[PDB]
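# Chain and residue survey
This is what each chain is made of:
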Amino acid sequence: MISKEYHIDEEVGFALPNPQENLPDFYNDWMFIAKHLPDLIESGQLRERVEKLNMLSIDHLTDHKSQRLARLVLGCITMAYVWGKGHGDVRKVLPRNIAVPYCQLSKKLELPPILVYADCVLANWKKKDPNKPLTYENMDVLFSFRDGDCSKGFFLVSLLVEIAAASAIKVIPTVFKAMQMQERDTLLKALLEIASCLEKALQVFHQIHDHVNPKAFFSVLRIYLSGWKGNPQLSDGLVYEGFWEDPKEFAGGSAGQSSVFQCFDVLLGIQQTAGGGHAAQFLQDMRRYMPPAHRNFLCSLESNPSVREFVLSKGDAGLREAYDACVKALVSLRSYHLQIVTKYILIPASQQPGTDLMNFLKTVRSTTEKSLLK
Ligand SMILES: O=C(Nc1ccc(F)cc1)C1(c2ccc(-c3nc4ccccc4[nH]3)cc2)COC1
């Protein structure tokens, strides 16, 4: 079994298990804004409301789940504040009453002060009926940006794919134990189980089409997920008033921030972070946007011996076939992600009166393809 210091759940993997819905009474003003963002943004009172807030201390957020919920709340409020209605009217300064606690909370949890995958996917969910299981139909997001933004579809299908891949994560100890104990059959069985889980996760990914519209995603939700690293809209970055004097650059939300998105490439010796190129640079940089325990987990995978070298060293077709089943499943996940970017970003952008993500993902897939053994 995996160590508890890495904070990986048996059921939900890297996702935050049963995350908190309500902050303590001290932070009701935060929850008031975050709960009614679709109304407050559209009616144009979001920015005024945030500007009229008091600066609240973070010290009454005691346990982890409360601190994580606050990050989700504050993060969503920040993106709403920065982008507004999402028509290129941009706030270059985040006010100190929201900025100081958000940055202090961000420092405490070891994350950048900006909405990340961990917030808006891994912590942004609840069961409807606790007695019923984890499916889209028994689930809901805590927070959304606008009405008809498809944040439920986008975030929950991402979360279900995250949870699907969790079935493989618990096999990882078996993979490393088998190698040190030279248990070839156990290793073979283990790799096949990883491939089966990654095959299943692709099927779970298909739900994206059922619950997300292309035009809605591109025009509405994409803008709210955008950050301010290399963005012309905030050239110099955002100002966190009363915390840093100069503006600071931080990247927006990305599937690259998912620990699952990276960990299997690490496990299988696919050197995605090698090359010296933009893609490798990106994947490495996004480990800082993961929770500390998860970026430590990716580190300990890298520190363990190579599964690829072990398979190659044995002159074993079955082990190679099983290894390739995992590689093949990842290739299918990259290809499918590419189909999503085409449908949800490229085509809606052409209908406007994209590419860097395609090229990024094509490199990621190409590195995965070239790691096949047969
Ligand atoms: O962009 C996504 N989500 C997202 C992005 C930003 C954000 F702030 C919040 C959510 C989508 C997505 C893309 C790739 C994966 C994925 N999981 C993998 C596991 C293993 C290997 C390859 C994987 N790709 C999962 C979800 C959901 O529509 C595309």
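Residues numbered from 1 in each chain as written, not as in the entry; some residues may be left out. Heavy atoms only, no water.

What counts, and what does not: UniProt positions are given in the numbering used here, feature names are shortened, and annotations may be inferred rather than shown by experiment.
Within the PDB entry, the label attached to the protein reads Indoleamine 2,3-dioxygenase 1, and the organism entered is Homo sapiens. The title given to this entry in the Protein Data Bank is "IDO1 IN COMPLEX WITH COMPOUND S-1". Under the UniProt heading Subunit, the note attached to the protein is "Monomer."

## With respect to helix 4 (residues 64–83)
An α-helical turn contains 3.6 residues, so any two residues separated by three or four positions project in the same direction. This is how the line gets drawn: Numbering of helices and strands starts at the N terminus; helices are DSSP runs of H or I of at least 4 residues and strands are runs of E of at least 2. Working rule for helices: expected span equals 1.5 Å times residues minus one. With a 1.4 Å probe rolled over the protein chains alone, any residue whose accessible area is under 20% of its type maximum counts as buried; one over 50% counts as exposed, and the rest are partly exposed.
With 20 residues, helix 4 should cover 28 Å at 1.5 Å per step; its first-to-last C-alpha distance of 28 Å lies within 8% of that length. A large share of helix 4 lies buried, amounting to 18 of its 20 residues. Looking one or two places after helix 4, you find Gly-84, whose phi comes out positive at around 65°.

## Points about the site of the ligand
Selection criterion: Distances are taken per atom, and a residue is near a molecule or strand as soon as one of its heavy atoms is within 4 Å of it. Polar contact criterion, stated in full: a pair of N or O atoms within 3.5 Å, where within protein one must be able to donate a hydrogen and the other to accept it, and residues adjacent in sequence count only if both atoms are side-chain atoms. Method for areas: the Shrake-Rupley scheme with a 1.4 Å probe, in which residue coverage is limited to the protein chains shown. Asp, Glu, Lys and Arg are counted as charged, while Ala, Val, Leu, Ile, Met, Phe, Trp, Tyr, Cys and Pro are counted as nonpolar; the rest, among them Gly, fall into the polar class. Domain start and stop positions are those given by an automatic or database domain assignment.
In the neighbourhood of the ligand, 19 residues make up the surrounding shell, with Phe-154, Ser-158, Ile-208, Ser-254 and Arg-334 lying closest. At 3.2 Å, a side-chain N or O of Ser-158 approaches a nitrogen atom of the ligand. The protein chains hide 95% of the 600 Å² of surface that the ligand would expose on its own. Looking at the shell around the ligand, the elements with two or more residues in it are helix 6 (117–122), helix 7 (151–169), helix 12 (259–267) and helix 16 (317–351). The element best represented in the shell around the ligand is helix 16, accounting for 5 residues. By residue class, the composition of the shell around the ligand is 14 nonpolar, 4 polar and 1 charged. Each of two domains, domain 1 (1–19 + 148–225 + 251–374) and domain 2 (20–147 + 226–250), supplies a minimum of three residues to the shell around the ligand.

## Considering the packing of aromatic side chains
We count it as follows: Any pair of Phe, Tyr and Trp rings, taking the six-membered ring for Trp, is counted once the centres come within 6.5 Å. Such a pair is stacked with planes under 30 degrees apart, edge-to-face with planes over 60 apart, and tilted for the rest.
What the rule picks out here adds up to 15 aromatic pairs. Seen from their ring centres, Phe-154 and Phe-217 are 4.4 Å apart, and the 45° between their planes marks the pair as tilted. Placement of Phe-154 in helix 7 and of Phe-217 in helix 11 (residues 214–225) is noted, with a sequence separation of 63 residues between them. Relative accessible area serves as the criterion here: at 22%, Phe-154 is assigned to the partly exposed category. For the ring pair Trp-244 and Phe-250, a centre distance of 6.1 Å and an interplane angle of 40° mean the geometry is tilted.

## Notes on the environment of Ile-347
By the secondary structure assignment, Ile-347 is in helix 16. Judged by its relative accessible area of 43%, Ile-347 falls in the partly exposed class. A C-alpha to C-alpha distance of 38 Å links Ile-347 and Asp-246, two positions 101 residues apart in sequence.

## Comments concerning the UniProt feature "binding site: heme b" in the protein
Here, UniProt's "binding site: heme b" annotation points to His-337. You can see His-337 is positioned in helix 16.

## Describing the side chain of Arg-334
For clarity, the threshold we go by: Throughout, a contact is declared for two residues whenever any of their heavy atoms are within 4.5 Å.
Its place among the elements puts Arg-334 in helix 16. Within polar-contact distance, the side chain of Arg-334 engages the backbone oxygen of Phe-261 at 3.0 Å. When near neighbours in sequence (up to four residues on either side) are disregarded, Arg-334 contacts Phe-261, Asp-265, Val-364, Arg-365 and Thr-368.

## Observations regarding the domain arrangement of the protein
Rules: Defined here as a combined quantity, buried area equals the accessible surface (1.4 Å probe) lost by two parts on assembly, summed across both. One side-chain nitrogen of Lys or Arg within 4 Å of one carboxyl oxygen of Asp or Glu is enough to make a salt bridge.
The domain architecture assigned to the protein consists of domain 1 (1–19 + 148–225 + 251–374) and domain 2 (20–147 + 226–250). For domain 1 versus domain 2, the distance between C-alpha centres works out to 26 Å. The interface of domain 1 with domain 2 comprises 42 residues on the first partner and 44 residues on the second. Both sides of the domain 1 and domain 2 interface together cover about 3700 Å² of buried area, and 63% of this is carbon and sulfur. Contact with domain 2 buries surface across domain 1, with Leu-16, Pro-19 and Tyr-224 losing the most and accounting together for 23% of the total. Summed over the shared surface of domain 1 and domain 2, the number is 1 salt bridge. A salt bridge links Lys-229 to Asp-285; the nearest nitrogen and oxygen atoms lie 3.8 Å apart. Remark: the boundary between domain 1 and domain 2 carries 19 residue pairs in polar contact. The set of elements that each furnish at least two residues to the side of domain 1 that touches domain 2 consists of helix 7, helix 11 and helix 14 (292–303). Taken together, the residues that form the side of domain 1 that touches domain 2 break down as 22 nonpolar, 12 polar and 8 charged.

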